[PDB]
Amino acid sequence: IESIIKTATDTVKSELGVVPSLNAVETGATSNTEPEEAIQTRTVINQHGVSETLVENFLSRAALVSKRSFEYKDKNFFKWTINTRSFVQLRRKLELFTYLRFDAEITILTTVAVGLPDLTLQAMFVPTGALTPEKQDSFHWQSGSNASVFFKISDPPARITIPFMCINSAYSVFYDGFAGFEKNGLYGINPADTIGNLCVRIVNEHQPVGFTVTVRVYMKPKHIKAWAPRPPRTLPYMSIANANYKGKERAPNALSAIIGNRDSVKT
Amino acid sequence: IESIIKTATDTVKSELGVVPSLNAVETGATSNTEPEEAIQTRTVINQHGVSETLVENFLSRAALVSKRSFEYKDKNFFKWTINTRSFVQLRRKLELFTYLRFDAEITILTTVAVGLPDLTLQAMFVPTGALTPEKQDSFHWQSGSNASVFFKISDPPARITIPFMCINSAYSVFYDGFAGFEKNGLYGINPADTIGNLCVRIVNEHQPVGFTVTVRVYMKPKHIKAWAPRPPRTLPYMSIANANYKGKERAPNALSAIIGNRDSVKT
Amino acid sequence: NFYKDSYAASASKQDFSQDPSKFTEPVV
Amino acid sequence: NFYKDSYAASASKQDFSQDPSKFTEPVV
Amino acid sequence: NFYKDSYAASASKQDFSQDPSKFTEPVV
Amino acid sequence: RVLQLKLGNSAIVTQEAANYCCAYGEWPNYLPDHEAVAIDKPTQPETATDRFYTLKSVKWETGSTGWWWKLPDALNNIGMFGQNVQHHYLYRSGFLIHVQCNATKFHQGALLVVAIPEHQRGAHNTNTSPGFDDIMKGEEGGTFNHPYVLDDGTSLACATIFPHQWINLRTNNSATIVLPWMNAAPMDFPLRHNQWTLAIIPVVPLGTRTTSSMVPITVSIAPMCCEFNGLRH
Amino acid sequence: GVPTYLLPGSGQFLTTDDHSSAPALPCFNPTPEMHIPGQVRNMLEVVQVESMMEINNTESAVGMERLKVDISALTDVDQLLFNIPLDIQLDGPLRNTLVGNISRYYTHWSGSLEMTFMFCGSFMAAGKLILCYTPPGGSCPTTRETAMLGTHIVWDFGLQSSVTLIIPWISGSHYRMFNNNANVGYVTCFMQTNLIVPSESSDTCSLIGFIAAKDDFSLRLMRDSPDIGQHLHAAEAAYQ
Amino acid sequence: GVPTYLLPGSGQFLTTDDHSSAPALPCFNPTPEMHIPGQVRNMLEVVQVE
Amino acid sequence: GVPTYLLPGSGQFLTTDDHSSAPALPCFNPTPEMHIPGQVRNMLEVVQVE
């Protein structure tokens, strides 16, 4: 029975020598013996809002998902395949769910390292199933179908919302299965779940500049739905593709011992 | 009996040989003998607005709470623990209350001292109970959970509202008590009342610049409530943490004499 | 939202409809 | 205010409801 | 649209009125 | 309180256990008309495949790490279910797993019968992805190599978030999990994708005074609400 | 000709904002939703669920042995079997749980916990235990005679294989603060009696305890998790 | 005196946007439409054909 | 496409302004108020006292 729960639940008061009956964990049931029943309580009107634990609020933060510097005088630009698996902070927070449905939201933020020049950038989103530019100046950059976006450096950062791209109803975060239909296709990759390929170049023709452009791509996913939560991954990662596990040499977060030790259980 | 008082109170007129009775100060009562009763008066409709003495108007001014210069080529940035106890003008105005409940409002204002460069800054708010960046370029700067904010120099200054952060209902301004539960924990510090740690860095990779960045943090607290007003502190301060008192060598605002002397009481 | 598309809108932080029972009591 | 949060709003300079009595006459 | 002209407006992506028959069945 | 699940031509003598687990609170049903994709009429066997495919009994000794079966990878050869899996382009079927363990009143032990959706396994210590003959096992069904982290770097200590039961050899001797169609697609490929993973891990190992103690675990999967599209041959 | 002016904080990128941005693909028809079971609409639905405690988080316990506490016959009457500190901030038995690992994304937490201890001996194996709940502030008891006072529950094996135990939310503040602490509480367990197995059952019975948050649980002021954070294979392969 | 502020993504040119722009020729009376046969209003009308 | 223009005094920081700014922590549930005695709602309540 679903019910709107805007605040955390209230506590009714409680009442000598009462005799409660029984319990069962082994059916798979979390025990719902109330704090009213097991111990003495009092009336608490509870006003703690549950809103910040919502699955929207838990994931709709603009995490930096890429930080790629390129030198201007791939070389001369960068193309980046979209995954949230880049940085381990956001991925573990997304490995808490099996199926995720969200609309992404890219915010490209550009700086210039070493009179600092003003340039115009192009951030073309090439979804998978199209052609990404190999060279800096292919004819793929003026492809009028791909949702390109032009933006300067000295202006607020460019920002575009990319919709839910998958042909399934949700991105399979984990994927117990194999891509394609042949036996050399890799494990844990769904071809359906690929977002696209965002690629950013500097539009200007070649300037005598001794300057480095550091580009940061942010992603605040929104309109988020989630399904089938998972145990959070405790061990350190070993790659972006597969969920291999190594463990550390000492506790905590080791293979033999996830929790750091103490003297004894009774000390 | 609370009553809406939008203007200062009016004066009724007054009327020979009348005989009033008695008074008492020693019960703790401010004497409310009217100007009508004690002396002759006349009808005054009073139109002086009390609005500028409201506790909102008395404190919701953007006082400069930090002015920290760092050199770019902690070094290379600054982290700042949020307190209003920095400058003695705002603190004495806040030491007029015991319990204060406000929503803060930070406005970072950036200049560049010694072609003046255009840079992008990052002002990440790290609340207490998280990790602040030690180095200029730790992985803590792209922590997608902490409410970071990116802003240039040549633009209007960045501005964010930080909510009421305490786990109590009000910030205990003074705190007759001890932090924690062990006897070496210091006097007059509440761990609950800590706002956070705002830290500002320059996003750009290292440029041959011979320039100094002076950063000013402003705070106009708002949605202010107040409780249990206090006598204003007359003596000069001795620290930010404790309310120690030293006094000056001569009146006024000395330990022996808060008010500057004259010849005699009758001269 | 002034964009014609619907996913372009701001986030919808209004889905307060819990159902904790379907994990704690998935029984019949 | 066009922000979704409530503390993000402007200051509320409308609390004119005094009670001077509770300091001058805290008696019974 | 705040311009006085009508072609200056945004695109009208509302012409959902198909007629597939006039190519597949152009007969009498 | 002895019982007999009769489903299809197959039948199992069971114990009446309380609270037969409907995973995530849902009994499995067929694909609704407003969510379908394949326009052709799917074949719906009602007693050919809907029957208790009971796998081999597995010897739980006093040092076992666990057993894992992937669905429908365990059933890709068995019976009329394997005569449709290997004759259709798609399938859609919930499952009804009855895990029964046969102990005395003297054996101690505890099992975690848990059904992990999309259990993307991991290979320990190597950056090579797990091979095709390391995931698909069939009627044999693999064995956990590091069950404490569920062979994927997660935690077994948190693994009760999945649809789980318990075989505590004091209390009960059988588990029953009823599985809905958990997938992001209405139908999926019956040789390329495993939705669930029946994981049985001994939390507390087996024990009695004879230290050569072995207890067999019986596992029986029945597919509920089978559907198939794209009939070749 | 609307007369406008820019506020301070114009043109900033606030990485927690919520503003309707420009769509990339116009009139993109998304793939329609399909009722997938088990939708999480709030993370307290996950925290509500039981999960195992590593009560044996010591050395000389390896892997699956770190989850269960073994009661032998060598453990005498009125011996302390274990104590579980209720510091979910501290890296002890409550961290690798659903209630632990989701709370560490959150600085401030409230609400009540709930332990449940399942006995995994033989059927014939009978004996008593006493689970006493120490409140915050009180120190861990060392004897049954002290544990008999506070909030104990005398539990028998042959009668009852599991005991629900409520950790009530007791605090002077509306929340607690996760440090970057001192006795949120304790649960201890003493051998009220011996362990009695017959001559065929194993003389080393085992316990496993759980913990779940109750319905009053609440979390706020989202931080980043202390656990994860750092080589990453094929990390540069997204670019190349 | 409307208090405004610029969002990120201000002043960008998104080559798939849809915003009412400034007209070049003001009060230009366009050549009126005339019913030409075979109007395609959706490209699936073309794909429908053998 | 709203036609706007900037006034003078745009982009200034006036240290006595009153404008609704961007929140740092979104959907932050603040600690609920609790009736603490002796609330000062105007500073003339203090000045009234001997």
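Residues numbered from 1 in each chain as written, not as in the entry; some residues may be left out. Chains lettered and ligands numbered in written order. Part of a larger assembly, values for the part shown. Heavy atoms only, no water.

- What the entry reports as its method is cryo-EM, with 3.46 Å given for the resolution.

## A look at the environment of B:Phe139
All names here are of chain B.
Next, step 1: As for its position among the elements, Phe-139 is in the loop between β5 (120–126) and β6 (149–152).
Next, step 2: A relative accessible area of 46% means that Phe-139 is categorised as partly exposed.
Next, step 3: Counting along the chain gives 51 residues from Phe-139 to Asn-190, while the straight-line C-alpha distance between them is 30 Å. (Helix = DSSP H or I, 4+ residues; strand = E, 2+ residues; numbered from the N terminus. Buried < 20%, exposed > 50% of the residue type's maximum accessible area, 1.4 Å probe, protein only.)

## Observations concerning the interface of chain G and chain A
In many reports, interface size means the accessible area that the parts give up when they come together.
Next, step 1: At the junction of the two partners, chain G supplies 92 residues and chain A supplies 94 residues.
Next, step 2: Of the roughly 7800 Å² buried where chain G meets chain A, counting both sides, 55% is carbon and sulfur surface.
Next, step 3: Applying the counting criterion to the chain G and chain A interface returns 4 salt bridges.
Next, step 4: Linking chain G with chain A are 37 residue pairs in polar contact.
Next, step 5: Within the residue set of the side of chain G that touches chain A, elements represented by two or more residues are β3 (22–23), α1 (44–47), β6 (80–85), α2 (98–103), β8 (113–119), β11 (162–167), β14 (205–213) and β15 (219–222) of chain G.
Next, step 6: Taken together, the residues of the side of chain G that touches chain A break down into 43 nonpolar, 32 polar and 17 charged.
Next, step 7: Looking at chain direction, strand β7 (residues 158–162) of chain A and β3(G) are connected through 2 bridges and run parallel. In the strand pairing of β3(G), A:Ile160 is matched with G:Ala22. (Contact = heavy atoms within 4.5 Å. Buried area = accessible area lost by both parts, 1.4 Å probe. Salt bridge = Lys/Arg side-chain N within 4 Å of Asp/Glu carboxyl O. Polar contact = N/O pair within 3.5 Å; in protein donor to acceptor, adjacent residues only side chain to side chain. Nonpolar A, V, L, I, M, F, W, Y, C, P; charged D, E, K, R; others polar. Pairing = 2+ DSSP bridges.)

## Here's the deal with the interface of chain C and chain F
Next, step 1: Taken together, the contacts link 5 residues of chain C with 8 residues of chain F.
Next, step 2: Surface buried jointly by chain C and chain F totals about 620 Å² across both partners, of which 67% is contributed by carbon and sulfur atoms.
Next, step 3: The largest per-residue losses of area from chain C upon contact with chain F belong to C:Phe23, C:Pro26 and C:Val28, which jointly make up 67% of the total buried on that side.
Next, step 4: At the junction of chain C and chain F, the tally comes to 0 salt bridges.
Next, step 5: On the surface where chain C and chain F come into contact, there are 2 residue pairs in polar contact.
Next, step 6: Class assignment of the residues belonging to the side of chain C that touches chain F gives a composition of 4 nonpolar, no polar and 1 charged.

## Some words on the sheet that holds strand β10 (residues 153–156) of chain G
Residue and element names in this part refer to chain G.
Next, step 1: Across the sheet, 4 strands lie side by side as β6-β13-β9-β10; this open sheet has antiparallel pairing. The strands lining the two open edges of the sheet, one partner per strand, are β6 and β10. Ignoring which end each strand starts from, the neighbouring axes of this sheet average 20° apart.
Next, step 2: In this sheet, β10 lies alongside strand β9 (residues 128–134) in antiparallel orientation, the contact comprising 4 bridges. Paired with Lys-128 across the two strands is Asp-156, which belongs to β10. (Axes fitted to C-alpha atoms, helices over the stretch in contact; angles between N-to-C directions.)

## Some words on unusual backbone geometry
Next, step 1: For the peptide bond that leads from A:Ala251 to A:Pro252, omega is 0°, which places it in the cis range.
Next, step 2: In this structure, A:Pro252 sits in the segment after β11 (222–229).

## So, the side chain of G:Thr58
Next, step 1: Tracing the chain through its elements places G:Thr58 in the loop between β4 (51–52) and β5 (69–71).
Next, step 2: At 2.8 Å, the side chain of G:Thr58 forms a polar contact with the side chain of G:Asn56.
Next, step 3: Leaving out residues up to four positions away in the same chain, G:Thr58 has contacts with A:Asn261, A:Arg262, A:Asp263, A:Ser264, A:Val265 and G:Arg66.

## As for the arrangement of the chains
Next, step 1: Contacts are most numerous between chains A and G, taken over all 25 pairs of chains that touch.
Next, step 2: Chain A shows no contact with chain E. Their nearest C-alpha atoms sit 17 Å apart.
Next, step 3: Separated in space, chain E and chain F share no contact, their closest pair of C-alpha atoms being 21 Å apart.

## Details of the packing of aromatic side chains
Next, step 1: Applying the stated criterion across every chain, the model contains 35 aromatic pairs over all chains.
Next, step 2: Here the aromatic rings of A:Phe70 and A:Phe78 are separated by 6.1 Å at their centres, their planes lie at 45°, and the arrangement is tilted.
Next, step 3: Owing to a relative accessible area of 3%, A:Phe78 belongs among the buried residues under this scheme.
Next, step 4: Judged by centre distance (5.1 Å) and plane angle (85°), the ring pair of F:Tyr91 and F:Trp181 falls under edge-to-face. In this pair, F:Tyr91 sits in strand β7 (residues 88–101) while F:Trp181 sits in the loop between β10 (174–179) and β11 (196–207), placing the two residues 90 residues apart along the sequence.
Next, step 5: Taken together, the aromatic side chains of G:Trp109, G:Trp169, G:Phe178 and G:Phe217 make up a single cluster linked through ring pairs.
Next, step 6: We note A:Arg68 situated over the ring of G:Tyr239; from NZ or CZ to the ring centre the distance is 5.2 Å. (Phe/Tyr/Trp six-rings, centres within 6.5 Å; stacked < 30°, edge-to-face > 60°. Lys NZ or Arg CZ within 6 Å of the ring centre and 35° of its normal.)

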